[PDB]
Amino acid sequence: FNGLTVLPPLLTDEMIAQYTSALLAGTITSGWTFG
Amino acid sequence: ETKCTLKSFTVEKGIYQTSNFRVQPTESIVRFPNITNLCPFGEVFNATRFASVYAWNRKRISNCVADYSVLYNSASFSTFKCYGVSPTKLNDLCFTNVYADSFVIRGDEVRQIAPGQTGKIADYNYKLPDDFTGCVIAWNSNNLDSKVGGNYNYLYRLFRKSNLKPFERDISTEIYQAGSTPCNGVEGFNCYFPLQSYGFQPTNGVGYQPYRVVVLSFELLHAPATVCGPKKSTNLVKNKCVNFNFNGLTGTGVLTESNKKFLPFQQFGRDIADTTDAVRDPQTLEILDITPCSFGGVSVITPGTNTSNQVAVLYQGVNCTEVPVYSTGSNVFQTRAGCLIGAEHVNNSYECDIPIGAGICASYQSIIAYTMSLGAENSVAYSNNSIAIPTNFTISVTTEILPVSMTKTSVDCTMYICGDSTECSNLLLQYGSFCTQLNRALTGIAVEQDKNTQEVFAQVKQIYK
Amino acid sequence: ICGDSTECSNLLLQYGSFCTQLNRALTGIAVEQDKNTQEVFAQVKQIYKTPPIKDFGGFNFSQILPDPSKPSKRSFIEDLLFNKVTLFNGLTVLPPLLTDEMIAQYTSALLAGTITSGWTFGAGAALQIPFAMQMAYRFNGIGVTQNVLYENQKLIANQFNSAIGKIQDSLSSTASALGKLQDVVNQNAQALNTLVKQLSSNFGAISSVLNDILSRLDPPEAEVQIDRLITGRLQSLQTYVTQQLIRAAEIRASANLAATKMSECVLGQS
Amino acid sequence: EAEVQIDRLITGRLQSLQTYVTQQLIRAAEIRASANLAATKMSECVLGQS
Amino acid sequence: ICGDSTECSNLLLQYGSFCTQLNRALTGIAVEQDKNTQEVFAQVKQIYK
Amino acid sequence: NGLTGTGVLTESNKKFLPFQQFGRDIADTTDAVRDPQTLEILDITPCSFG
Amino acid sequence: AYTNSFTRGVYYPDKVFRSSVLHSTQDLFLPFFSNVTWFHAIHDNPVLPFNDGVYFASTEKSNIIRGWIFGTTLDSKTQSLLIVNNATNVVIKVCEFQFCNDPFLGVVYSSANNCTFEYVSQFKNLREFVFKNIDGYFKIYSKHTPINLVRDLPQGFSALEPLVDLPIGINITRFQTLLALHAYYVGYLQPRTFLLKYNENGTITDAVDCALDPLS
Ligand SMILES: *[C@@H]1O[C@H](CO)[C@@H](O[C@@H]2O[C@H](CO)[C@@H](O)[C@H](O)[C@H]2NC(C)=O)[C@H](O)[C@H]1NC(C)=O
Ligand SMILES: *[C@@H]1O[C@H](CO)[C@@H](O[C@@H]2O[C@H](CO)[C@@H](O)[C@H](O)[C@H]2NC(C)=O)[C@H](O)[C@H]1NC(C)=O
Ligand SMILES: *[C@@H]1O[C@H](CO)[C@@H](O[C@@H]2O[C@H](CO)[C@@H](O)[C@H](O)[C@H]2NC(C)=O)[C@H](O)[C@H]1NC(C)=O
Ligand SMILES: *[C@@H]1O[C@H](CO)[C@@H](O[C@@H]2O[C@H](CO)[C@@H](O)[C@H](O)[C@H]2NC(C)=O)[C@H](O)[C@H]1NC(C)=O
Ligand SMILES: *[C@@H]1O[C@H](CO)[C@@H](O[C@@H]2O[C@H](CO)[C@@H](O)[C@H](O)[C@H]2NC(C)=O)[C@H](O)[C@H]1NC(C)=O
Ligand SMILES: *[C@@H]1O[C@H](CO)[C@@H](O[C@@H]2O[C@H](CO)[C@@H](O)[C@H](O)[C@H]2NC(C)=O)[C@H](O)[C@H]1NC(C)=O
Ligand SMILES: *[C@@H]1O[C@H](CO)[C@@H](O[C@@H]2O[C@H](CO)[C@@H](O)[C@H](O)[C@H]2NC(C)=O)[C@H](O)[C@H]1NC(C)=O
Ligand SMILES: *[C@@H]1O[C@H](CO)[C@@H](O[C@@H]2O[C@H](CO)[C@@H](O)[C@H](O)[C@H]2NC(C)=O)[C@H](O)[C@H]1NC(C)=O
Ligand SMILES: *[C@@H]1O[C@H](CO)[C@@H](O)[C@H](O)[C@H]1NC(C)=O
Ligand SMILES: *[C@@H]1O[C@H](CO)[C@@H](O)[C@H](O)[C@H]1NC(C)=O
Ligand SMILES: *[C@@H]1O[C@H](CO)[C@@H](O)[C@H](O)[C@H]1NC(C)=O
Ligand SMILES: *[C@@H]1O[C@H](CO)[C@@H](O)[C@H](O)[C@H]1NC(C)=O
Ligand SMILES: *[C@@H]1O[C@H](CO)[C@@H](O)[C@H](O)[C@H]1NC(C)=O
């Protein structure tokens, strides 16, 4: 580079996908009682 | 031009701003006071009689408007050369004051009038100072001085060892008898009159014919200016983009008649922020107006490079009658937001996709510009004993996109402005703590982005399958 | 910063391409405000019209419905609001995309829809319903049984008419109730005025007019004078742009809040 | 004279950096507001009924 | 920026009126903060015990 | 040949026409250059930092 | 004797027309509610210092106050300004003059050594004058229209408009009024800051001090 840089994100994309899958499975099976 | 301002070879559908246009000026007008205080230079050069070389007359001139061009072209002068000052530009020079010295000499004594020179009259009658003198003007005077002039009326001073200070006169008529030891060891003898008479005859040659010589001396930057050369003027024009120079106040714009009233002692009016709005010409003493010449940015509306290769160009906020293929192009349509050329105007109205303004916008069916439509139209049959109850139902699915974070970036502080140099780093120390202040904010922003993402996504404590 | 001067532009073209971002920020905020007004007011897919005959169970909406004899086809309260508040050196003010007539038509359509149909027009097709049976639903929503309404209709109608008359009179007479809009207009006008006024400052040079110092000296120090004037004017312009950006962000937040309030309260019940 | 030259370069680059930092701060604030709105929407409309 | 010197004031009055909008912004944010806390806490008309 | 710099040199893979002398990508960053003696093209890149 | 000057002493500062604009200026003005040295030279004209411009007034509607002699030594050594009246024209002579004990004038002359410049121009009545010297320029502002707001005292609001300007460029530190052989106020002025309100026709209709009162 020439003085500038880009840091990587803390949360990888697979972790985000797992969060979305967990939320969706929870809202399919339990409804809204798990909140 | 759109591709230039976009720096790409493909342009999508929409409206872009390329550049701006202005109306160029055509001619210039300059005005100055109607009157011109003439300076009576006639009595100086055309005086009946002049004094002697040892008793020259000094006359004072001030608060004058004197023109040297009217005298520069005159051929009635034997010689007119000026030292350190261009005569041709003397019409555009302001000096504090002017001194005039007129007299008459012999033919060969013309060269004696110059600074840093040696001679009988150069050092004994009139000495030029060791600096710039205005200049000397000399002309022949054999008609009135070598034919009818007095035989002894002109006198010089043969008094040596008395080098006079510049601009000094010694009119004291004292017989030069030393009366002491350094004159033949006698007192009273060797007595010579300090003055002696010129010897002239009618047409006796060129070095003996008396010539009129006048020295004019200028002063600059000693006091507020009192004498200046005359300034020319011209006529005036109306309803044109012109640059004006009204007696010092310069500017550009268009001139129009005005109905405002000025008290008899103001010069130019204004409204706010030092913006001149009315000037009165000195010759006519009529009130006028100033309006800035029309200008503004241009815009290009295109349906996209892929679909077509035709655009329409719009001028913003210009009542375009002075519009100079698209110099005139297709039909001109003047709207509330300027004027558009390149698209025909239709009479119907549909939905809008490429907004223009003032309720109108254009679309590609050629390109057609019309008025925005608010939607469909229907009237419900309201009554006081009627209701509508649905009998069937549908289920729909929609979408909604929301950003939550942006790319985290960091910028090195000294590296960007130094490039690995010791001198730059050493001289960056004198600017205080700018470096740390700039560096802290980016880290704070990155931490904020991390916290933002973690908070927005992490809402469950377990993982379900 | 130049005023159509050659050497001024020659000296200016060596300070980088700042004008690109200077113009792009203003264009972005203009598009942002256009989107703001579009999202606030465009909330109906059709344009309903009030029935020619009006019998709303005794209520009287004459002072709120549009008057078909006005030059702009606006109701009384809108005219009072319009009449209440009241407010060029290379800078221009662009006209808005949506004119007054379109806004008036949008408000008229929204009012007609919320009067004739109720909340059903905000979730599909409009459905006719008598006004009394809508007031019954709206009372039943807040816990009060519908039996109260049908036996106390005249009292409610009289109270509503008296309240609307009182609020109309208060708007007509009492002033200084519209501080926010006047404050915004005054702030914008004052910022523009001081930006214009910043030209006359000397900035440490010989004079505040370019051509005079250009026509009284030689370029060796004229360059320094022009550089000083240019950098001062650039700093002033940067400060003005920053203030404009801050104000635009605040206005965006306020517009978003207003849009949420209008979408929730008007189209249904809170 | 190198001091004068580097002073000119340094001040110009400092103004550019200041402008960039301010623009990034404004954009970050706007993005934070939008993400807060998104978080509220997801917390309300998913784990329950609106 | 100077601390009681005249030559400053002479030089600084030539730079324009930056301090005007500086003080205006500071006073504006102060008044806005006061109104903010007043609106947050003052939500009742009477006092109960 | 008067062009000063700091970085690591490598044999280049790009092709110069017989009349250039060097090359760049963005904003005066000299990426390649041909030596004035052997007439061989080389590429220049700064070494690691972070 | 001392007299309270209510609100007099406001003049047009420049040659710029304005309309319906509140303009704040910083210039040499007479402070509001000041004290002026009332004189009673009636059966008595001492020399008063100049001190950066002077106010002047009068209340007698006839030709008794004639001239104002200026200078720094009032002798032939240094040039002295003379501005005198003739009931048909006003003449100004800056040429050097010698001392005079009790000058008399009305419709003294000692010498004219080194003459340099000359100028020729054109209830009771109030004659208000303001004399100023800035960057070598001599300025005289005058007003001749009286208003009887109150009697025996000069109360009311009136503007002063310029008449002439002289590019003399001389030092003035001393002046004296001239009389004849057989009640004028004098005041000094200070560099104040004023606010001025202009009518729609460009006439000053109201002035406000900026260093007098908290309301101001
Ligand atoms: C300006 O100079 C010209 C040159 O003679 C004159 O203009 C005349 O002014 C009188 C009024 O004084 C008009 O009636 C004439 O129509 C003008 N033109 C001519 C050709 O006579 C006059 O000397 C000056 N005008 C002023 C001072 O208003
Ligand atoms: C001195 O007198 C001569 C006499 O001829 C003046 O010459 C004038 O020149 C102009 C221009 O050609 C003529 O129109 C006049 O008719 C001439 N005579 C007069 C009396 O003006 C000359 O201009 C005079 N110069 C000075 C300085 O007095
Ligand atoms: C643009 O300027 C022209 C004048 O050049 C205006 O034309 C006017 O048109 C009306 C109606 O045809 C006439 O009564 C006027 O006399 C015209 N003006 C002049 C000066 O003669 C035109 O209206 C302007 N357009 C806009 C939108 O303002
Ligand atoms: C409500 O609408 C649905 C369609 O949206 C109707 O279902 C259709 O019925 C017809 C006639 O039997 C079938 O040919 C279609 O295939 C059905 N559509 C689907 C998607 O299954 C339904 O009958 C309607 N209900 C009423 C009471 O009219
Ligand atoms: C609704 O209220 C408006 C209030 O202005 C009524 O308009 C006036 O009503 C009074 C008495 O009802 C009349 O004397 C006036 O002549 C009316 N003025 C106008 C301009 O119409 C209106 O009548 C009311 N409508 C109903 C149905 O009661
Ligand atoms: C409830 O309050 C309303 C209004 O305050 C009362 O209605 C008023 O009754 C008095 C007495 O009959 C009348 O003079 C007023 O004109 C009425 N006002 C209106 C707007 O109609 C009502 O009587 C109250 N009811 C009870 C049970 O107290
Ligand atoms: C007023 O008097 C002062 C001296 O007390 C003048 O100042 C000097 O003026 C001469 C001009 O002949 C200069 O050469 C000196 O350099 C000046 N000295 C100083 C210290 O200023 C001043 O010029 C006089 N003012 C007027 C208008 O004549
Ligand atoms: C400014 O000048 C105008 C024009 O003379 C004045 O307007 C006149 O005002 C008087 C009474 O004030 C009326 O009798 C005239 O009919 C008006 N004439 C016109 C043409 O309007 C105005 O009063 C002046 N304003 C001042 C002096 O403040
Ligand atoms: C142009 O539009 C056509 C029609 O959709 C599409 O097939 C094509 O890929 C587009 N080309 C470009 C360069 O966008
Ligand atoms: C639209 O049609 C009407 C009806 O004749 C006509 O008066 C009007 O001028 C038309 N508009 C345009 C833009 O041609
Ligand atoms: C004027 O002088 C009198 C008496 O000396 C005094 O009472 C009064 O306060 C003075 N007024 C001013 C404004 O100085
Ligand atoms: C006064 O006027 C008379 C006649 O008008 C004249 O002779 C005399 O020279 C004038 N004196 C002065 C001092 O102006
Ligand atoms: C007259 O005054 C001028 C003023 O500059 C001076 O130069 C000149 O010497 C004086 N002449 C006499 C004779 O005193």
# chains A, B, ... in the order shown; residues from 1 in each chain; ligands from 1
$ select_by_dssp --residues "segment 38-253 of chain C" --states "helix (DSSP H, G or I)" --output "ChimeraX atom specification"
/C:38-41,76-84,100-116,120-122,131-141,147-150,153-173,179-200,210-214,219-253
$ residues_around --residues "segment 158-167 of chain C" --least-positions-apart "6" --cutoff "9 Å" --atoms "only C-alpha atoms" --output "list in words"
residues 58, 59, 60, 61 and 63 of chain C
$ residues_around --residues "residue 23 of chain D" --least-positions-apart "4" --cutoff "12 Å" --atoms "only C-alpha atoms" --output "ChimeraX atom specification"
/B:441-442 /C:21-22,25,238,241-242,245-246 /D:16-19,27-30
$ write_last_selection --atoms "N, CA, C and O atoms" --output "tab-separated table (two decimals), in the first residue's frame"
chain	number	residue	atom	x	y	z
B	441	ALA	N	-9.71	9.06	15.95
B	441	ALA	CA	-11.08	9.00	15.46
B	441	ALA	C	-11.34	7.75	14.63
B	441	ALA	O	-12.42	7.16	14.73
B	442	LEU	N	-10.39	7.35	13.79
B	442	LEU	CA	-10.59	6.17	12.95
B	442	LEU	C	-10.71	4.90	13.80
B	442	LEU	O	-11.56	4.04	13.53
C	21	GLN	N	-15.78	17.38	-5.11
C	21	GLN	CA	-16.48	17.01	-3.88
C	21	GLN	C	-17.33	18.16	-3.35
C	21	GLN	O	-18.40	17.92	-2.78
C	22	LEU	N	-16.88	19.41	-3.55
C	22	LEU	CA	-17.67	20.54	-3.09
C	22	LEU	C	-19.04	20.57	-3.75
C	22	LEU	O	-20.05	20.85	-3.10
C	25	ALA	N	-21.21	17.07	-2.70
C	25	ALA	CA	-21.87	17.07	-1.40
C	25	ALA	C	-23.21	17.80	-1.47
C	25	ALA	O	-24.22	17.31	-0.95
C	238	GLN	N	-15.37	25.98	2.91
C	238	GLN	CA	-15.36	24.69	3.60
C	238	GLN	C	-16.21	24.74	4.86
C	238	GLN	O	-16.99	23.82	5.14
C	241	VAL	N	-19.88	24.66	3.92
C	241	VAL	CA	-20.31	23.33	3.49
C	241	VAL	C	-20.51	22.42	4.69
C	241	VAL	O	-21.49	21.65	4.75
C	242	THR	N	-19.59	22.47	5.66
C	242	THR	CA	-19.74	21.63	6.85
C	242	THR	C	-21.02	21.95	7.61
C	242	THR	O	-21.76	21.05	8.03
C	245	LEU	N	-23.98	20.52	5.84
C	245	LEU	CA	-24.11	19.08	6.02
C	245	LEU	C	-24.73	18.74	7.37
C	245	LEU	O	-25.61	17.87	7.46
C	246	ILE	N	-24.29	19.42	8.43
C	246	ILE	CA	-24.85	19.15	9.76
C	246	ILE	C	-26.35	19.45	9.78
C	246	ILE	O	-27.16	18.65	10.27
D	16	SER	N	-6.40	18.37	3.50
D	16	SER	CA	-7.07	17.25	2.83
D	16	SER	C	-7.46	16.16	3.83
D	16	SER	O	-8.58	15.64	3.80
D	17	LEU	N	-6.54	15.82	4.74
D	17	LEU	CA	-6.82	14.78	5.73
D	17	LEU	C	-7.95	15.20	6.67
D	17	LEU	O	-8.81	14.37	7.02
D	18	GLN	N	-7.97	16.47	7.08
D	18	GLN	CA	-9.05	16.95	7.95
D	18	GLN	C	-10.40	16.81	7.27
D	18	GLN	O	-11.38	16.34	7.88
D	19	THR	N	-10.48	17.21	6.00
D	19	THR	CA	-11.74	17.09	5.28
D	19	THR	C	-12.19	15.63	5.19
D	19	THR	O	-13.37	15.31	5.42
D	27	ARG	N	-20.56	10.25	7.80
D	27	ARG	CA	-21.11	9.03	7.21
D	27	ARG	C	-21.27	7.94	8.27
D	27	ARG	O	-22.26	7.19	8.25
D	28	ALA	N	-20.31	7.83	9.19
D	28	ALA	CA	-20.40	6.83	10.24
D	28	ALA	C	-21.60	7.09	11.15
D	28	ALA	O	-22.30	6.15	11.55
D	29	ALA	N	-21.85	8.36	11.48
D	29	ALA	CA	-23.02	8.67	12.30
D	29	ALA	C	-24.31	8.27	11.60
D	29	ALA	O	-25.21	7.67	12.21
D	30	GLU	N	-24.42	8.59	10.30
D	30	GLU	CA	-25.63	8.22	9.57
D	30	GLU	C	-25.81	6.70	9.52
D	30	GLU	O	-26.92	6.19	9.71
$ residues_around --residues "segment 25-42 of chain E" --least-positions-apart "6" --cutoff "12 Å" --atoms "only C-alpha atoms" --output "PyMOL selection string"
(chain C and resi 183+187+191+243+246-247) or (chain E and resi 18-19)
$ write_last_selection --atoms "N, CA and C atoms" --output "mmCIF file, in the first residue's frame"
data_model
loop_
_atom_site.group_PDB
_atom_site.id
_atom_site.type_symbol
_atom_site.label_atom_id
_atom_site.label_comp_id
_atom_site.auth_asym_id
_atom_site.auth_seq_id
_atom_site.Cartn_x
_atom_site.Cartn_y
_atom_site.Cartn_z
ATOM 1 N N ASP C 183 -37.516 29.528 12.541
ATOM 2 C CA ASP C 183 -36.123 29.381 12.944
ATOM 3 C C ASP C 183 -35.293 28.750 11.835
ATOM 4 N N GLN C 187 -32.271 30.662 9.953
ATOM 5 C CA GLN C 187 -30.921 30.110 9.989
ATOM 6 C C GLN C 187 -30.352 29.969 8.585
ATOM 7 N N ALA C 191 -27.181 32.152 7.196
ATOM 8 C CA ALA C 191 -25.974 31.474 6.736
ATOM 9 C C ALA C 191 -25.608 31.910 5.324
ATOM 10 N N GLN C 243 -21.297 23.246 7.805
ATOM 11 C CA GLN C 243 -22.522 23.624 8.506
ATOM 12 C C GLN C 243 -23.758 23.145 7.752
ATOM 13 N N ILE C 246 -24.291 19.422 8.433
ATOM 14 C CA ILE C 246 -24.851 19.153 9.759
ATOM 15 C C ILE C 246 -26.349 19.447 9.777
ATOM 16 N N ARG C 247 -26.735 20.603 9.229
ATOM 17 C CA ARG C 247 -28.148 20.970 9.224
ATOM 18 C C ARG C 247 -28.971 19.981 8.406
ATOM 19 N N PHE E 18 -15.526 35.235 11.968
ATOM 20 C CA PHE E 18 -15.633 33.818 12.316
ATOM 21 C C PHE E 18 -16.164 33.637 13.735
ATOM 22 N N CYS E 19 -15.689 34.471 14.662
ATOM 23 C CA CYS E 19 -16.068 34.333 16.060
ATOM 24 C C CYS E 19 -17.567 34.496 16.250
#
$ residues_around --residues "segment 54-62 of chain G" --least-positions-apart "2" --cutoff "7 Å" --atoms "only C-alpha atoms" --output "list in words"
residues 50, 52, 64, 124, 125, 126, 127, 128, 129, 130, 131, 132, 183, 184, 185, 186, 187, 188 and 189 of chain G
$ write_last_selection --atoms "C-alpha atoms" --output "mmCIF file, in the first residue's frame"
data_model
loop_
_atom_site.group_PDB
_atom_site.id
_atom_site.type_symbol
_atom_site.label_atom_id
_atom_site.label_comp_id
_atom_site.auth_asym_id
_atom_site.auth_seq_id
_atom_site.Cartn_x
_atom_site.Cartn_y
_atom_site.Cartn_z
ATOM 1 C CA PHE G 50 -8.358 71.677 17.760
ATOM 2 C CA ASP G 52 -9.023 65.985 15.981
ATOM 3 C CA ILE G 64 -21.729 88.473 13.187
ATOM 4 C CA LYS G 124 -33.873 82.121 14.724
ATOM 5 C CA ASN G 125 -31.621 80.089 12.424
ATOM 6 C CA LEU G 126 -29.194 77.393 13.577
ATOM 7 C CA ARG G 127 -25.899 76.904 11.721
ATOM 8 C CA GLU G 128 -24.253 73.579 12.581
ATOM 9 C CA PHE G 129 -20.707 72.912 11.367
ATOM 10 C CA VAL G 130 -18.287 70.003 11.703
ATOM 11 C CA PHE G 131 -14.601 70.461 10.852
ATOM 12 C CA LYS G 132 -12.433 67.397 10.254
ATOM 13 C CA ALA G 183 -23.872 82.637 21.800
ATOM 14 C CA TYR G 184 -22.067 79.799 20.018
ATOM 15 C CA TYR G 185 -21.410 76.273 21.267
ATOM 16 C CA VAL G 186 -18.148 74.356 20.865
ATOM 17 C CA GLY G 187 -17.676 70.617 21.296
ATOM 18 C CA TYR G 188 -15.101 67.897 20.779
ATOM 19 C CA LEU G 189 -15.660 64.529 19.123
#
$ residues_near_ligand --ligand "ligand 3" --cutoff "10 Å" --atoms "only C-alpha atoms and all ligand atoms" --output "list in words"
residues 317, 318, 319, 320, 321, 322, 334, 335, 336, 337, 338 and 339 of chain B
$ interface_residues --of "chain B" --to "chain F" --cutoff "12 Å" --atoms "only C-alpha atoms" --output "number ranges by chain"
B: 410-412, 415, 419-421
$ write_last_selection --atoms "N, CA and C atoms" --output "PDB file, in the first residue's frame"
ATOM      1  N   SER B 410      -8.203   2.286   8.110  1.00  0.00           N
ATOM      2  CA  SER B 410      -7.255   3.023   8.928  1.00  0.00           C
ATOM      3  C   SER B 410      -6.253   3.715   8.017  1.00  0.00           C
ATOM      4  N   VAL B 411      -5.789   4.881   8.455  1.00  0.00           N
ATOM      5  CA  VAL B 411      -4.848   5.691   7.691  1.00  0.00           C
ATOM      6  C   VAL B 411      -3.667   6.011   8.593  1.00  0.00           C
ATOM      7  N   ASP B 412      -2.467   5.643   8.154  1.00  0.00           N
ATOM      8  CA  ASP B 412      -1.268   6.019   8.885  1.00  0.00           C
ATOM      9  C   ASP B 412      -1.101   7.532   8.853  1.00  0.00           C
ATOM     10  N   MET B 415       3.051   8.613   7.923  1.00  0.00           N
ATOM     11  CA  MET B 415       3.436   7.992   6.661  1.00  0.00           C
ATOM     12  C   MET B 415       2.805   8.713   5.476  1.00  0.00           C
ATOM     13  N   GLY B 419       6.239  10.112   4.021  1.00  0.00           N
ATOM     14  CA  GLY B 419       6.841   9.170   3.100  1.00  0.00           C
ATOM     15  C   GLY B 419       8.217   8.703   3.525  1.00  0.00           C
ATOM     16  N   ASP B 420       8.366   8.382   4.812  1.00  0.00           N
ATOM     17  CA  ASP B 420       9.612   7.857   5.372  1.00  0.00           C
ATOM     18  C   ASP B 420      10.772   8.831   5.148  1.00  0.00           C
ATOM     19  N   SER B 421      10.641  10.011   5.749  1.00  0.00           N
ATOM     20  CA  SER B 421      11.672  11.037   5.701  1.00  0.00           C
ATOM     21  C   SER B 421      11.913  11.580   7.099  1.00  0.00           C
TER      22      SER B 421
END
$ residues_around --residues "residue 371 of chain B" --least-positions-apart "2" --cutoff "7 Å" --atoms "only C-alpha atoms" --output "list in words"
residues 349, 359, 360, 361 and 373 of chain B
$ write_last_selection --atoms "N, CA and C atoms" --output "JSON list (two decimals), in the first residue's frame"
[["chain", "number", "residue", "atom", "x", "y", "z"],
["B", 349, "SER", "N", -50.21, 12.87, -19.60],
["B", 349, "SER", "CA", -49.40, 12.79, -18.39],
["B", 349, "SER", "C", -49.39, 11.36, -17.89],
["B", 359, "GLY", "N", -42.58, 20.14, -11.06],
["B", 359, "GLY", "CA", -43.65, 19.23, -11.40],
["B", 359, "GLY", "C", -43.55, 18.59, -12.77],
["B", 360, "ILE", "N", -42.48, 18.84, -13.52],
["B", 360, "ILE", "CA", -42.32, 18.25, -14.84],
["B", 360, "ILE", "C", -41.10, 17.34, -14.83],
["B", 361, "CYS", "N", -41.13, 16.34, -15.72],
["B", 361, "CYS", "CA", -40.01, 15.43, -15.88],
["B", 361, "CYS", "C", -40.11, 14.76, -17.24],
["B", 373, "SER", "N", -47.73, 12.77, -12.97],
["B", 373, "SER", "CA", -49.07, 12.33, -12.61],
["B", 373, "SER", "C", -49.07, 11.81, -11.18]]
$ residues_near_ligand --ligand "ligand 4" --cutoff "7 Å" --atoms "only C-alpha atoms and all ligand atoms" --output "PyMOL selection string"
chain B and resi 391-394
$ atom_distance --atom1 "atom CA of residue 64 of chain C" --atom2 "atom CA of residue 120 of chain C"
21.5 Å
$ interface_residues --of "chain D" --to "chain B" --cutoff "8 Å" --atoms "only C-alpha atoms" --output "MDAnalysis selection string"
chainID D and resid 3 6 9:10 13:14 18 21 25 28 31:32 34:36 38:39
$ write_last_selection --atoms "N, CA and C atoms" --output "CSV table (one decimal), in the first residue's frame"
chain,number,residue,atom,x,y,z
D,3,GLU,N,12.6,23.8,4.0
D,3,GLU,CA,11.6,24.0,5.0
D,3,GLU,C,10.3,24.6,4.5
D,6,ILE,N,8.4,22.1,2.3
D,6,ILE,CA,7.8,21.0,3.0
D,6,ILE,C,6.6,21.6,3.9
D,9,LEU,N,3.7,21.7,1.4
D,9,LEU,CA,3.1,20.4,1.2
D,9,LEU,C,2.4,19.9,2.5
D,10,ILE,N,3.0,20.1,3.6
D,10,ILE,CA,2.4,19.6,4.9
D,10,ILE,C,1.0,20.2,5.1
D,13,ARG,N,-1.6,18.8,2.7
D,13,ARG,CA,-2.0,17.5,3.0
D,13,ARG,C,-2.8,17.4,4.3
D,14,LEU,N,-2.5,18.3,5.2
D,14,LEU,CA,-3.3,18.3,6.5
D,14,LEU,C,-4.7,18.8,6.3
D,18,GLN,N,-8.0,16.5,7.1
D,18,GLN,CA,-9.0,16.9,8.0
D,18,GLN,C,-10.4,16.8,7.3
D,21,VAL,N,-11.5,13.1,7.2
D,21,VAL,CA,-11.9,12.7,8.5
D,21,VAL,C,-13.3,13.1,8.9
D,25,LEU,N,-16.6,10.8,9.6
D,25,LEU,CA,-17.4,10.9,10.8
D,25,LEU,C,-18.9,11.1,10.5
D,28,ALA,N,-20.3,7.8,9.2
D,28,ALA,CA,-20.4,6.8,10.2
D,28,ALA,C,-21.6,7.1,11.1
D,31,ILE,N,-24.7,6.0,9.3
D,31,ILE,CA,-24.8,4.5,9.2
D,31,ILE,C,-25.2,3.9,10.6
D,32,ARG,N,-24.7,4.5,11.7
D,32,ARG,CA,-25.1,4.1,13.0
D,32,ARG,C,-26.6,4.3,13.2
D,34,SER,N,-28.9,4.3,10.9
D,34,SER,CA,-29.7,3.4,10.1
D,34,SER,C,-29.6,2.0,10.7
D,35,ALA,N,-28.4,1.6,11.3
D,35,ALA,CA,-28.3,0.3,11.9
D,35,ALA,C,-29.1,0.2,13.1
D,36,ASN,N,-29.2,1.2,13.9
D,36,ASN,CA,-30.1,1.2,15.1
D,36,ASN,C,-31.6,1.0,14.7
D,38,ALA,N,-32.5,-0.6,12.0
D,38,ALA,CA,-32.6,-2.0,11.6
D,38,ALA,C,-32.7,-2.9,12.8
D,39,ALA,N,-31.9,-2.7,13.8
D,39,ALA,CA,-31.9,-3.5,15.0
D,39,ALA,C,-33.3,-3.4,15.7
$ residues_near_ligand --ligand "ligand 12" --cutoff "8 Å" --atoms "only C-alpha atoms and all ligand atoms" --output "NGL selection string"
:G and (84-91 or 120)
$ residues_near_ligand --ligand "ligand 10" --cutoff "7 Å" --atoms "only C-alpha atoms and all ligand atoms" --output "list in words"
residues 345, 346 and 347 of chain B
$ write_last_selection --atoms "N, CA, C and O atoms" --output "short mmCIF file (atom, residue, chain, number, x, y, z; two decimals), in the first residue's frame"
data_model
loop_
_atom_site.label_atom_id
_atom_site.label_comp_id
_atom_site.auth_asym_id
_atom_site.auth_seq_id
_atom_site.Cartn_x
_atom_site.Cartn_y
_atom_site.Cartn_z
N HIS B 345 -42.54 18.07 -26.46
CA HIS B 345 -43.46 18.20 -25.34
C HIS B 345 -44.81 17.58 -25.71
O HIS B 345 -45.38 17.91 -26.75
N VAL B 346 -45.30 16.70 -24.85
CA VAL B 346 -46.58 16.03 -25.08
C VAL B 346 -47.63 16.67 -24.17
O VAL B 346 -47.32 17.45 -23.26
N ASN B 347 -48.89 16.32 -24.43
CA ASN B 347 -50.01 16.95 -23.74
C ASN B 347 -50.65 16.05 -22.69
O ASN B 347 -51.39 16.55 -21.84
#
